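Residue strings, one per chain:
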Amino acid sequence: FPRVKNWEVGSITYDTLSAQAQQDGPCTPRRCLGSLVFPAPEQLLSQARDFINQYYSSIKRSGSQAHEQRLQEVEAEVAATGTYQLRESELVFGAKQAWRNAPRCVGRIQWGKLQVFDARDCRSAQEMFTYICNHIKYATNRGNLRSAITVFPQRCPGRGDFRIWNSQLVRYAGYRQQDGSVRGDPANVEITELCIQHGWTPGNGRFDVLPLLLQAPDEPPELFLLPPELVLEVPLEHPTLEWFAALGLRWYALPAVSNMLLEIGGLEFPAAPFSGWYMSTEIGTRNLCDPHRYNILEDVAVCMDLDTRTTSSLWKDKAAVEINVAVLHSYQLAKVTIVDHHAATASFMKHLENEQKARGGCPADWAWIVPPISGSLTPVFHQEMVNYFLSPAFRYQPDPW
Amino acid sequence: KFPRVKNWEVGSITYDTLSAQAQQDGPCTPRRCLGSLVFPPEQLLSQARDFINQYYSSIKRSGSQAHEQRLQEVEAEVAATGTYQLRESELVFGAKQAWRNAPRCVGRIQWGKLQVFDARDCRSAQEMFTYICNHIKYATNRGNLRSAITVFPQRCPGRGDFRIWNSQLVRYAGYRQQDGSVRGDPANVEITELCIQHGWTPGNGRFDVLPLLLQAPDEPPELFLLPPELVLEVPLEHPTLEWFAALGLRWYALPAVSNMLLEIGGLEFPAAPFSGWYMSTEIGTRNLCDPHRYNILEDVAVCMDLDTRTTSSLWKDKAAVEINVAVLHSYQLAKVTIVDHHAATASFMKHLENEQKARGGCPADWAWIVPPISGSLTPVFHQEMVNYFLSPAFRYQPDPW
Ligand code: HEM
Ligand code: HEM
Ligand SMILES: Cc1cc(N)nc(CCc2cc(CCN3CCN(C)CC3)cc(F)c2F)c1
Ligand SMILES: Cc1cc(N)nc(CCc2cc(CCN3CCN(C)CC3)cc(F)c2F)c1
Ligand SMILES: C[C@H](O)[C@H](O)[C@H]1CNc2nc(N)[nH]c(=O)c2N1
Ligand SMILES: C[C@H](O)[C@H](O)[C@H]1CNc2nc(N)[nH]c(=O)c2N1
Ligand SMILES: [Cl-]
Ligand SMILES: [Cl-]
Ligand SMILES: [Gd]
Ligand SMILES: [Gd]
Ligand SMILES: [Gd]
Ligand SMILES: [Zn+2]
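Structure determination for this entry is recorded as X-ray crystallography, at 1.9000 Å resolution.

Below, the structure is given as C-alpha cells:
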C-alpha cells in the first residue's frame, strides 16, 4: 500500500483503494508515463458483477436477496442477449461513481450532487438533440449552474453507437485563415471543418458557437444548431482594466464534455455528455493564454504596459493573473457559477480526506489536479497523489470520424 | 515498447528510446502511478563495466585499447580489493552524467559545464571544511555563480561515511518559540536543533546562516562556522514597491545541496555537495511563500493593500508574482546569477531537443520540471515527459542519524 504524504502539513495516509485499480495505466517500474495526456461475455460478466457489488454496497445490501438476484439476473441476461440493462438507480449510482473515480477532476467534492438524465430510450438524433437542449437548459439554470449528465443508449450488438461528435456541447468555431492562422478557437478547427462539410454555414467571428453534429446508430451525423437563447455566455471585462472589455472576449457558462465514454459495469455509453461549472483557470489560463489556443497573453501584457522584451519582468505571470481576475470578475458579475483555483483545490483537499475515510484513498492525477497557474500556492501541490483507474469511469474514446 | 512523447503546444512527436536503459526500478506499476511522490558483493562489477562503457563511447573510444585495458584494470582492482578507484576523467564524466541524468533538474542545459573538485584524498572534517570552503568561494565567484561539485571519498565497507549533515551548505536557522512555532526557516528546524545541540549559540534572527556539521568517517560531527564573507547573500527589495526592502527578507546566493549521494559506476559518494544557481521560483515561490516555509504571502499582500478576504481576488497570485519579481530584481541588482522560470524552462526545452538527438530521449520528472507558478505559461507544461532512473545518478539517502 503506497504511503502518501502531504508536505505542507506532514500528514501521512496509505492509499489502500489503489489495490483495487482494475484497468492498467501506462507506467511500469522501468519508467513513469504519468504526464501522458492519453495513458467476450465472461469479462463483461466480471465487470458487471463488480459494479453490482459496488451498487449493493452503497445501498447497504451487500450479500442480500436483491443482490444475488441481481447478479443472477445479469448473468442470465448476458447469456441470453450478450449484454444487460442497468436499473435506473444503478445508472444514477454508476454515473456518480464515474465522476467520483475520475482522477483528473479537481471538482470531485461535488460528485454526489449530479443530476442524471436517463435518455437511454433515445430513438434518433432529433430526440438526442432535444435531450441535449434540456440538459443545457437545466444545467445552465440562468447562471446558477447545476451538475448534470445525460446518458444516451448504451453500445449494443447489432446497432451503431450514439455519438456526439463535438468535444463539448458549447464550443467556439476555429476558422483556418488566409495566412495559415486560426480565427476563433484553434482547438476546434477539426470539428469546425466537419460542421462546414456537413452543411453548416460558417460565421467568421472569434466566438461563434458551433452547431452540434449528432450521430444516431448506423447514421451519418446530423447537424443541429443550438438555440442561441440556450447558450449562456459571459462577456469578459476586468474590474480595473477598462480597456480589457475592448478585447471583445467572451466565454460560455457551461462546460459540457460530450466526447467521453461512460463505462458502468462493463456497459459502455459512448454518448453521455456531462457538465458542471468552470474553474476560472480553465478559461483564463488555458483557453485564453495557451499559445495554441486564443493566445491573448502577450497582447494583454502589451496593453498592461508590461515590459515584454525580458522574461524576468514576469510579464507573462502578471498578465495571466489579471486575465484570471477578469474571468472571475466577469462570471461573478454575470452571476454565472465559477470557482477560482484556490477554492477548488481547497475543496479537493476535503474530497481527498472524505475519500480517505470513505474508501481508503482517492485516485488523483497530480499533474491535472494542480492548477496551471500558482501551483504551489494551492494545497494540492504539496499533496502526494496515487493515480489509478477505477470503474465506473469516464474514458477517452476515438473521434467517430 | 518505445514511449511516444507528444508536445501538445506544437504537435510534435518523439520516441524516448533512452528509457529502455532504465536500471533502478521506480515506484510506478501498471496498476498505479506514484510519479508525484517526493521520495519514491560483486554486483559492483556490472555497474562499473557499463559505466566504463559509457565513458569510452562518450569519447568515441569504445572497442579500443584504452577501453579494453581500462576494463581489465577495474576487473583486477575489484578482484584484489573488492572495489575500484575512478580515474580523474571518469569521475568528471560521472559527475556530469549524474547531473545530466537528474530527472528533476530543469537546468540541465548546463550539464556539460561543471567544475569537479576531486576531494577523494580527504580525511577529517577539517579537510572537508577546507574543500567545502574552496567550493563555496569558487562557486560563488562574487555573484557570477559557477556550477561545481566537490566529491569526497567514496564509500567502502567497514569505514564510516563522509557526510555533510546539512541539507545545503547555506541554510537559515529555524527556532521554536514559547508557542512552538518557528522563527526563521521551518525547513531546517531539525538541523538547527542539531547544530544548537553541538555547541552552537543560536541567533535571534530569521536569517541566521546555520553552521556546518561535517562528519568524518566513524567520527562524530564537528561544528564549523562558515566564514561570513564567503556566504554571499542578497537583501530582497522590489523594483517599485518601496516598502518591500523593509520586510527584511534575504536569501543566499549559492544553492549547494549537501545531502545527496553521488553514484558512479557502482561506487557511492555520500558526501558530494553540488551547486549551481537559483531559479527565481525556488526562492520567491517555494522558500518564501510555501505555508511550511517562510510563508510570507499574506504579509506581502497586506502590504500591497490586496483583498485577502476573498480567494477570488487572486491576492495570493498577485503577491507571489511580486515576491518573484523582487527576487529576480534583487539578485540582478546584486549581480548574482539567477534565472527566471520562463528562461529556465525554455532552455530545458532546448535541452530536451538536444538530448533527443544525442541520446534518444531524456528522463524528466514533469511535476518537478514545471515551475510552481505559471506552470502552463511555460513550454514544459505542454510537453509530455518520461521519467526513469539512469546511472550515474544523484540519489537521495537517509539522514545520518
Ligand atoms: C461541478 C463543478 C466541476 C468542476 C469545478 C470541475 C473541474 C474540473 C477541471 C478543472 C478539470 C480539468 C480538465 C482540463 O483541464 O481540461 C476537470 C476534469 C474532469 N472532470 Fe471535472 N469539474 C466539474 C464537474 C464535473 C462533472 C459534473 C463531471 C462528470 C459528471 C466531471 C468529470 C470530469 C472528468 C472525467 C474530467 C477528466 C478530464 C479529462 O480527462 O480530459 N467533472 N474537472
Ligand atoms: C546551474 C544551474 C542550475 C539550475 C538553474 C538548477 C535548477 C534546478 C531546480 C529548479 C531544481 C528543483 C529542485 C527543487 O525544487 O528542490 C533542481 C533539482 C536538481 N538539480 Fe539542478 N539546477 C542547477 C544546477 C545543478 C547542478 C550543478 C547539479 C549537479 C551537479 C544539479 C542537480 C540537481 C538534482 C540531483 C536535482 C534533484 C533535486 C531533488 O531530487 O531533490 N543541479 N535543479
Ligand atoms: C464537466 C467539466 C467541468 C469543468 N470545470 N471543466 C470541463 C472541461 C475540461 C474537460 C476537458 C476534456 C477534454 C480533454 N482534452 C484533453 C486534451 N485533448 C487534446 C483534447 C481533450 C474532457 C473532460 F472530461 C473535461 F472535464 C468539464
Ligand atoms: C544545484 C542546485 C541548483 C538549484 N537551482 N537548486 C538546488 C536545490 C534543489 C534541491 C533540493 C533538494 C531537497 C528537495 N526537498 C527534499 C526534501 N526536503 C524535506 C525538502 C526539499 C535536494 C537537491 F538535491 C536539490 F538539488 C540545487
Ligand atoms: C503534457 C501535459 O501532460 C499536459 O500539458 C497536461 C498537463 N496537465 C494538465 N492539467 C489539466 N487540468 N488539463 C490539461 O490539459 C493538462 N495538460
Ligand atoms: C507532492 C509533490 O510531488 C511535491 O509537492 C513536489 C511537487 N513538485 C515539486 N517540484 C520541485 N521542483 N520541487 C519540489 O519540492 C516539488 N514538490
Ligand atoms: Cl474548456
Ligand atoms: Cl533552496
Ligand atoms: Gd483603470
Ligand atoms: Gd488590438
Ligand atoms: Gd499604506
Ligand atoms: Zn507513473
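A few words on the overall build of chain B. Each helix and strand counted, chain B has ten helices and 18 strands in total. Each principal axis of the C-alpha atoms in chain B carries an extent, and together these give about 70 × 60 × 40 Å. Taken across its 401 residues, chain B has 56% of its residues classed as buried. About 17,000 Å² of surface is accessible on chain B, with carbon and sulfur atoms providing 51% of the total. Between the centroid of the 38 positive side chains of chain B and the centroid of its 43 negative side chains there is a distance of 5 Å.

Let us look at the domain arrangement of chain A. Residue and element names in this part refer to chain A. Domain assignment breaks chain A into domain 1 (15-120 + 147-157 + 261-275 + 345-369), domain 2 (121-146 + 161-232 + 396-400) and domain 3 (233-255 + 278-343). The straight-line distance from the C-alpha centre of domain 1 to that of domain 2 is 27 Å. Domain 1 puts 22 residues into the contact, and the matching count from domain 2 is 17 residues. Carbon and sulfur atoms make up 63% of the surface buried where domain 1 meets domain 2, a total of about 1,600 Å² over both sides. Contact with domain 2 buries surface across domain 1, with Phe-152, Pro-270 and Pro-273 losing the most and accounting together for 26% of the total. Applying the counting criterion to the domain 1 and domain 2 interface returns one salt bridge. A salt bridge links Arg-155 to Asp-161, with the shortest nitrogen-to-oxygen separation between them at 2.7 Å. Linking domain 1 with domain 2 are seven residue pairs in polar contact.

On to the domain arrangement of chain B, then. Residues and elements named next belong to chain B. On domain assignment, one finds that chain B holds domain 1 (16-120 + 147-157 + 261-275 + 345-369), domain 2 (121-146 + 161-232 + 396-400) and domain 3 (233-255 + 278-343). Each of domain 2 and domain 3 was reduced to a C-alpha centroid, and the two centroids are 24 Å apart. Across the boundary between the two partners, domain 2 contributes 20 residues, which contact 18 residues of domain 3. Across the interface of domain 2 and domain 3, roughly 1,700 Å² is buried in total on both sides, 54% from carbon and sulfur atoms. Residues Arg-293 and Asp-185 are paired through a salt bridge, measuring 2.8 Å at the closest nitrogen-oxygen approach. Per element, the largest residue contribution to the side of domain 2 that touches domain 3 is three residues, and it comes from helix α4 (residues 124-140). Residues of the side of domain 2 that touches domain 3, tallied by class, amount to eleven nonpolar, five polar and four charged.

Residues and elements named next belong to chain B. Taken in spatial order, the three strands line up as β5-β8-β9 in an open sheet, and their pairing is antiparallel. The open sheet has two edge strands with one neighbour each: β5 (163-164) and β9 (221-224). The strands that α4 touches are β5, β8 (212-215) and β9; relative to β8, the one it contacts most, it runs at about 125 degrees.

For the rest of this paragraph, the subject is the coordination of the zinc ion (ligand 12). The protein atoms donating to the zinc ion (ligand 12) are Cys27(A) (SG), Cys32(A) (SG), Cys28(B) (SG) and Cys33(B) (SG), with metal-donor distances spanning 2.3 to 2.4 Å. Around the zinc ion (ligand 12), the four donor atoms sit at angles spanning 102 to 122 degrees, and that spread fits a shape best called tetrahedral. You'll find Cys27(A) and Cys32(A) in the same group, each marked buried.

Time to look at empty space enclosed by the protein. Taken as a whole, the largest cavity holds about 190 Å³ of empty space. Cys32(A), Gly34(A), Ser35(A), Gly35(B) and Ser36(B) are, among the 20 residues lining the largest cavity, the residues nearest its centre. Those elements that provide at least two residues to the lining of the largest cavity are α10 (366-369) of chain A together with α10 (366-369) of chain B. Estimated volume of the second largest cavity: approximately 90 Å³. Forming the walls of the second largest cavity are 13 residues, and the residues nearest its centre are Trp366(A), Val370(A), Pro371(A), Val370(B) and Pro371(B). For the lining of the second largest cavity, the elements supplying multiple residues, two or more each, are α10 of chain A together with α10 of chain B. Here the lining of the second largest cavity is composed, by residue class, of eleven nonpolar, two polar and no charged.

What follows is about helix α9 (residues 341-359) of chain A. With 19 residues, α9(A) should reach 27 Å at 1.5 Å per residue; the first-to-last C-alpha distance of 25 Å fits that figure. For α9(A), the set of buried residues is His341(A), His342(A), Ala344(A), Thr345(A), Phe348(A), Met349(A), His351(A), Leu352(A), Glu355(A) and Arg359(A). Buried residues along α9(A) sit against α3 (88-101), β16 (278-279), α6 (280-289), β17 (338-339) and α10 of chain A together with α8 (315-333) of chain B. Its side-chain oxygen 2.8 Å from the backbone nitrogen of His342(A), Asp340(A) forms the N-cap of α9(A).

The next thing to look at is the pattern of salt bridges. Residue and element names in this part refer to chain A. In this structure the tally under the stated criterion is 34 salt bridges over all chains. Across the salt bridge formed by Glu-355 and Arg-359, the nearest N and O atoms sit 3.4 Å from each other. Placement of the pair is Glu-355 and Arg-359 together in helix α9, with a separation of four residues, close to one helical turn. Across this residue pair, the class does not change: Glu-355 and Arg-359 are buried. Here the residues in one salt-bridge network are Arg-155, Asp-161, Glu-263, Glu-268 and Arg-395, joined through shared partners.

Turning to helix α2 (residues 65-81) of chain B, a few remarks are in order. In an α-helix, one full turn covers 3.6 residues, which means residues spaced three or four apart are oriented alike. Residues and elements named next belong to chain B. Between the first and last C-alpha of α2 there are 24 Å, a value that for 17 residues agrees with the 24 Å anticipated at 1.5 Å per step. Buried residues of α2: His-67, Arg-70, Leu-71, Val-74 and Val-78, and no others. The buried residues of α2 occupy an angular sector of 110 degrees when the element is viewed end-on, so they sit on one face. Away from the buried face of α2 by more than 90 degrees, exposed residues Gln-65, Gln-69, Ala-79 and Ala-80 are located. For α2, the elements touching its buried residues are α1 (44-58) and α3 (88-100).

This part takes up the packing of α1(B) against α3(B). Residues and elements named next belong to chain B. Interaxial distance between α1 and α3 falls to 10 Å at its minimum, and their mutual angle equals 95 degrees. As summarised for this structure, α1 and α3 are arranged roughly perpendicular, according to the angle between their axes. Of α3, the residues touching α1 (which contributes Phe-51, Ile-52, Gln-54, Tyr-55 and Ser-58) are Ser-89, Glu-90, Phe-93, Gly-94 and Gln-97. Tallied by class, the residues present in the contact of α1 with α3 amount to four nonpolar, five polar and one charged.

By nearness alone, every residue bordering ligand 5 is listed as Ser35(A), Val37(A), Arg286(A), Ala367(A), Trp368(A), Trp366(B), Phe381(B), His382(B), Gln383(B) and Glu384(B). Neighbouring residues of ligand 5 are not confined to a single chain but are spread across chains A and B. Here an oxygen atom of ligand 5 and a backbone polar atom of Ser35(A) are 2.5 Å apart. In this structure, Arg286(A) approaches ligand 5 through a side-chain N or O atom, which is 3.1 Å from an oxygen atom. Relative to its unbound accessible surface of 390 Å², ligand 5 loses 84% to contact with the protein. The class makeup of the residues in the shell around ligand 5 is five nonpolar, three polar and two charged.

What counts as what
- Residues numbered from 1 in each chain as written, not as in the entry; some residues may be left out.
- Chains lettered and ligands numbered in written order.
- Heavy atoms only, no water.
- Helix = DSSP H or I, 4+ residues; strand = E, 2+ residues; numbered from the N terminus.
- Buried < 20%, exposed > 50% of the residue type's maximum accessible area, 1.4 Å probe, protein only.
- Areas by Shrake-Rupley, 256 points an atom, 1.4 Å probe, with all protein chains shown as cover.
- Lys, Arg positive; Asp, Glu negative; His and termini not counted.
- Charge placed at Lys NZ, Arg CZ, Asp CG, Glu CD.
- Domains from an automatic or database assignment.
- Contact = heavy atoms within 4.5 Å.
- Buried area = accessible area lost by both parts, 1.4 Å probe.
- Salt bridge = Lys/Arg side-chain N within 4 Å of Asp/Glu carboxyl O.
- Polar contact = N/O pair within 3.5 Å; in protein donor to acceptor, adjacent residues only side chain to side chain.
- Nonpolar A, V, L, I, M, F, W, Y, C, P; charged D, E, K, R; others polar.
- Pairing = 2+ DSSP bridges.
- Axes fitted to C-alpha atoms, helices over the stretch in contact; angles between N-to-C directions.
- Donors = N, O, S within 2.8 Å, 3.2 Å for Na, K, Ca; no water.
- Tetrahedral: all angles 85-135°; square planar, octahedral: opposite > 155°, others 65-115°.
- 1 Å grid on protein atoms, 1.4 Å probe; cavity = no way out; pocket = protein on both sides within 12 Å on 5 of 7 lines; lining within 4 Å.
- Points joined across faces, edges and corners; volume = space filled by probe spheres on them.
- Expected span 1.5 Å × (residues − 1).
- Arc of directions from axis to C-beta.
- Parallel < 35°, antiparallel > 145°, perpendicular 65-115°, else oblique.
- Near = heavy atom within 4 Å.

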